[PDB]
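Peer 1: Would you be able to build a 3D model of this:
(2 chains)
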There are 2 protein chains.
Amino acid sequence: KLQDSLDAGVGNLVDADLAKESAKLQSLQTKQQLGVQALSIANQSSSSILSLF
Amino acid sequence: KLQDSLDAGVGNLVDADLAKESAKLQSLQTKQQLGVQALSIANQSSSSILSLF
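Peer 2: Numbers count the residues shown, from 1 in each chain, chains lettered A, B, ... in the order given. Coordinates below:
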């Protein structure tokens, strides 16, 4: 029983809660897609003054 | 982040604003043509007295 409690304590110390990580994964993949979109919109900025000349 | 800030500061120091450069270019070309025409009118001044003689 003592080694079982010790292994349970190691698991309580290091183990992660994957169910939170699922939603975190979805939000972060949506966020990186939006960030690539914003990065392209930022890259496009230089062209606007080409029409002024 | 510090390298990005230093590059932004160099750009704030030396970079020009092209959108105003376009308007100054238009006005300067028009002023050039007007100055060339005024120089021609100044060049024509000598001929008037040939009618007097």
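Peer 1: quick one: contacts for the closest residue to chain B within chain A?
Peer 2: When scored by Cβ to the nearest Cβ, chain A has residue A:52 as its residue closest to chain B, at 4.5 Å. C-beta here means a position set from N, CA and C on the backbone, and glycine is covered the same way. Neighbouring residues of residue A:52 by Cβ atoms under 8 Å, 6 or more residues apart in numbering or on different chains: B:18-19, B:22.
Peer 1: go on, residue A:28?
Peer 2: Contacts of residue A:28 (Cβ under 8 Å, 6+ apart): none.
Peer 1: Any idea how far the helix of greatest length in chain A is from the middle of the chain?
Peer 2: Using DSSP state H, we find that the single longest helix of chain A is helix A:18-43. Distance of helix A:18-43 from the chain centroid (Cα atoms, centre = their mean, to the nearest Å) equals 6 Å.
Peer 1: List the buried residues for it?
Peer 2: By neighbour count on 16 or more other Cβ atoms under 10 Å in any protein chain shown, the buried set for helix A:18-43 is empty.
Peer 1: Residues of chain A that sit close to chain B?
Peer 2: A:49, A:52-53 (Cβ under 8 Å from any Cβ of the partner chain).
Peer 1: please redo it, this time with the cut-off set to 10 Å
Peer 2: Taking Cβ under 10 Å from any Cβ of the partner chain as the measure of proximity, chain A contacts chain B at A:46, A:48-53.
Peer 1: From the residues you listed, which land in strands?
Peer 2: In strands, judged by DSSP state E, none of these are found.
Peer 1: between these, which is closest to residue B:40?
Peer 2: residue A:53 (29.2 Å; Cβ to Cβ).
Peer 1: quick one: that closest one and residue B:22, what's the gap?
Peer 2: Note on residue A:53: its distance to residue B:22, by Cβ to Cβ, to the nearest Å, is 6 Å.
Peer 1: what do you get for residue A:45?
Peer 2: Using Cβ to Cβ, residue A:45 is found at 17 Å from residue B:22.
Peer 1: again, but for residue A:41
Peer 2: Relative to residue B:22, residue A:41 is positioned 24 Å away (Cβ to Cβ).
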